[PDB]
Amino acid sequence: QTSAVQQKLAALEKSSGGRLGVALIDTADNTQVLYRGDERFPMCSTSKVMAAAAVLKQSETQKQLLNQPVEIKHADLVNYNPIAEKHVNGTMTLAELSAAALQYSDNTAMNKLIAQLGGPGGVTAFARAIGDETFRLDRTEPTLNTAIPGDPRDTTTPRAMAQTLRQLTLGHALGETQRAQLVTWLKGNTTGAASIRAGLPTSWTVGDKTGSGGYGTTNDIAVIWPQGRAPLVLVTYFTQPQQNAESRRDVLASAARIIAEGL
């Protein structure tokens, strides 16, 4: 069956020229609305949520882990290091690296999270441990953002990422204090006002993590607290046919608006 909401998302996708993937979970009734929900998309920086969460899980058995210093050397700097560049020849704690990765989308900070987990496969291993059989991280920053059509590396599906984001932020994949810390970090994101939240009522509260990369790939994953009802989880992934395509955060806002209108 195709619902009215799915038909509107297909019309938005058709006008956009690209490929749109959407997964909503409404935690009031556990119902799901999906558009291309089982197709693979490049995660780009939305993968930073999984890496931060994996470190949070490690911190459950090490009370001081988030205060552990990590050396930042000039050679560690990659292509977008707004926080880490200030600490070259110094250190940042794992909490500082997590906050920088999630809230500023710092790629050097992400690489330190990946390294703390033993490489991209350590992130994938954590995803499996929390029941996500779909997520895969294959590369470090910045190459995990190439976003080549048909390439399986560094991809997931909207359905899997929505289920994972729910378990991490509203369920029990993490301990109570770690879940609260992840929610606090997401709610303080600086990069998200033009993406999912631009399509939602202003009274709603959002925590999100954006991503972008090659092929005009433009992504956002969010936990949403509407006024007066149970939280929602929403994934919006978008990717385009030409390598140099421009980003389209407005398409993510439009997808979120259609979803909100259908509730």
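The first residue of the sequence shown is number 1, and the count goes up from there.
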If you average the CA temperature factors over each stretch, which comes out higher, 192-200 or 226-234?
226-234
Could you check which stretch, 85-93 or 181-189, carries the larger mean CA temperature factor in the entry?
85-93
Out of 128, 166, 73, 153, whose C-alpha atom has the biggest B factor in the entry?
73
Among 252, 23, 9, 245, which carries the highest Cα B-factor?
245
Among the modelled residues of its chain, the C-alpha B-factor of residue 139 falls in the third labelled middle
Mind checking which third residue 36 falls in for C-alpha B-factor across the chain?
middle
Test of reading the entry: by CA B factor among the chain's modelled residues, which third contains residue 108?
middle
Taking the C-alpha B-factors as the PDB entry records them, is residue 206 in the lowest, middle or highest third of its chain?
highest
Should residue 120 be placed in the lowest, middle or highest third of its chain by the C-alpha B factor in the entry?
middle
